[PDB]
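Visitor: Shown below is the structure under consideration.
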Amino acid sequence: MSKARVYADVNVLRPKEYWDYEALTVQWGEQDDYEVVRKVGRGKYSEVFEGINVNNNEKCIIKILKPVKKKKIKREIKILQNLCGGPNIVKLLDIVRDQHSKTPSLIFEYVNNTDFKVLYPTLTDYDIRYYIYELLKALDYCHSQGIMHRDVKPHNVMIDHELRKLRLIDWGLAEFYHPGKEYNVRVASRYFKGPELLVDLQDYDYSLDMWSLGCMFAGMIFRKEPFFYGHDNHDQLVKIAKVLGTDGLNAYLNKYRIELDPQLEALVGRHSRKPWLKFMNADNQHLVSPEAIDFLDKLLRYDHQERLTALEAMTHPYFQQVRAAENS
Ligand SMILES: CC(=O)Nc1cccc(Nc2nc(Nc3ccccc3)n3ncc(C#N)c3n2)c1
């Protein structure tokens with residue numbers, strides 16, 4: 006049986022109303038207050054437009070939900086309400102609906118985000134350290150609130166490079182952490198799914214997000230997005246193993262008394278561990294310093310229990326200049 010090494014009893018001492026998201030009662034605003042300016046994004050669960058709050062004439066983000074079960078939508082909302090004002094946590098402005106179809110839309114703060122596919126490549130060594138650091142404040146904060154974002158990826162990290170402002174967005178897949186509960190493992194995006202998810206280990210925790218963060222951090226310094234480029238869940242676990250080696254995996258499996266499956270276990274095969282430096286070339290050599298490697302290595306661990314916690318990561322020597330900067 007596995008659990009969390011930190012923040013494990015947050016939802017405990019906390020009244021049921023904090024996590025009993027199904028007892029939530031949505032207080033709907035007026036749909037008109039917000040007008041769609043232009044489309045900017047879309048997911049398999051919604052469409053996203055830059056909008057304008059007709060009263061204050063200020064920009065906003067309108068997330069029009071697609072047929073979602075009501076329980077699911079109360080989860081994304083309750084969690085959002087619970088994290089309001091948290092370091093770098095995207096702010097939920099309003100909840101509205103279309104009277105006829107009952108189509109709901111969540112109004113969020115607006116961020117003039119620069120696509121990561123284009124942004125990331127120009128970031129400097131320090132920018133990387135800086136923004137990862139900011140993303141870490143968001144994770145440590147939600148983890149400390151009893152919430153797993155379970156879907157960390159560039160697409161969900163909005164960055165206004167001009168203002169050097171960052172926000173962790175889209176808490177649809179997020180979930181409340183309960184000591185001992187099992188969770189669906191069809192979360193996160195293949196390229197960021199932790200090994201636990203690829204081996205059916207159901208009782209995971211905040212740790213899952215640190216693996217994803219690690220994948221994100223890896224792609225950034227090694228300039229290889231995604232880092233673990235697989236074609237499907239099976240290929241995902243394999244692509245990982247060809248890097249961390251199968252022994253760590255075998256040890257991982259055996260420690261939690263888990264057992265892969267024929268085609269899977271046979272698919273993975275046997276692989277030696279490939280050192281992190283084997284991924285250094287001339288397009289990233291100026292970003293793969295020892296502190297970077299040491300920090301990455303402490304995030305990308307098979308065993309979710311070994312991985313650094315959000316709080317510890319922010320103190321790793323890798324971020325010392327960012328921290329020293331902050332103390333001014
Ligand atoms: C909204 C959500 O949960 N997920 C979701 C799903 C797909 C795309 C997006 N997109 C998306 N895009 C932006 N900003 C933006 C993007 C490109 C150019 C200019 C501005 N923002 N800004 C805040 C939020 C926020 N919050 C957001 N979401 C969001």
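Residue numbering for the sequence shown follows the entry's author numbering, starting at 6 and increasing by one per position.
Built from N, CA and C at the ideal position, the CB exists for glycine as well.
Which residue's Cα is closest to the Cα of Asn286: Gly253, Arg328, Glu270 and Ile226?
Guide: As a working note, residue 286 is residue 281 in the sequence shown. The shortest CA-to-CA distance from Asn286 to any of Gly253, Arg328, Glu270 and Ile226 is the one to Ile226.
Visitor: On the DSSP bridge assignment, give the partners of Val101 in chain order.
Guide: For the purposes of this step, residue 101 is identified with residue 96 of the sequence shown, where counting begins at 1. Answer is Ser110.
Visitor: Applying the criterion that 16 or more other CB atoms from any shown protein chain within 10 Å of the CB defines a buried residue, is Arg191 buried or exposed?
Guide: By one-based count along the sequence shown, residue 191 stands at place 186. By the 10 Å Cβ count, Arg191 comes out exposed.
Visitor: To the nearest angstrom, report how far apart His236 and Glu187 are at their CA atoms.
Guide: The sequence position of residue 236 within the sequence shown is 231, counting from 1. The sequence position of residue 187 within the sequence shown is 182, counting from 1. Taking the straight line joining both Cα atoms gives about 26 Å.
Visitor: Give me the Cα-Cα distance between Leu272 and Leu258, rounded to the nearest whole angstrom.
Guide: For the purposes of this step, residue 272 is taken as the residue at position 267 of the sequence shown. For the purposes of this step, residue 258 is taken as the residue at position 253 of the sequence shown. Taking the straight line from one Cα to the other gives about 16 Å.
Visitor: Residues around ligand 1, please: the ones whose beta-carbon is closer than 5 Å to some heavy atom of it, in chain order.
Guide: Taken from the N-terminal end onward, the list reads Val45, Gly46, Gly48, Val53, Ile66, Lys68, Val95, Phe113, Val116, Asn118, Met163, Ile174 and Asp175.
Visitor: Which residue wins for smallest C-alpha separation from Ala315, given the options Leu304, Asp308 and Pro322?
Guide: Position 310 of the sequence shown, counted from the start, is the residue given in the question as residue 315. The option with the nearest alpha carbon to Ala315 is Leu304.
Visitor: Would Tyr50 and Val73 qualify as a contact pair, given that the criterion is a beta-carbon distance under 8 Å?
Guide: Here residue 50 refers to the residue found at position 45 of the sequence shown. Here residue 73 refers to the residue found at position 68 of the sequence shown. Yes, these two residues count as a Cβ contact at 8 Å.
Visitor: Within its chain, find whatever has a CB closer than 8 Å to the CB of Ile94; leave out the 5 residues flanking it on each side and keep chain order.
Guide: If you number the sequence shown from 1, residue 94 lands on position 89. Closer than 8 Å at the Cβ level, and outside the excluded window around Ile94, lie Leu88, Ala143, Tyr146, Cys147, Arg172 and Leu173.
Visitor: What do you reckon, are the CB atoms on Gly224 and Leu301 nearer than 8 Å?
Guide: Residue mapping note: residue 224 aligns to position 219 of the sequence shown, counting from 1. Residue mapping note: residue 301 aligns to position 296 of the sequence shown, counting from 1. No. Outside cutoff.
Visitor: Can you check whether the CB of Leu269 is closer than 8 Å to the CB of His239?
Guide: Counting from 1 along the sequence shown, the entry for residue 239 is found at position 234. Counting from 1 along the sequence shown, the entry for residue 269 is found at position 264. In this structure, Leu269 lies closer than 8 Å to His239 by Cβ.
Visitor: Pull up the CB-CB distance for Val53 and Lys68, whole angstroms please, since I reckon it's below 8 Å.
Guide: Numbered from its first residue, the sequence shown carries residue 53 at position 48. Numbered from its first residue, the sequence shown carries residue 68 at position 63. 5 Å between Cβ atoms; contact.
Visitor: Can you check the stretch 70-100 for any alpha helix (DSSP H) of at least 4 residues that lies completely inside it and give the ranges in chain order?
Guide: 75-88
Visitor: Secondary structure at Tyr257, three-state DSSP: helix, strand or coil?
Guide: Counted from its first residue, the sequence shown places residue 257 at position 252. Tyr257: helix per DSSP, three-state reduction.
Visitor: Using the beta-carbon count (16 or more within 10 Å), is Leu206 buried or exposed?
Guide: Sequence index remark: in the sequence shown, residue 206 carries index 201 (1-based). The residue is buried, with at least 16 neighbouring Cβ atoms inside 10 Å.
Visitor: How far does the alpha helix (DSSP H) with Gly219 in it extend, from its first residue to its last?
Guide: The residue labelled residue 219 in the question sits at position 214 within the sequence shown. Looking at the DSSP string, the run of the alpha helix (DSSP H) that includes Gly219 is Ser212 to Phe227.
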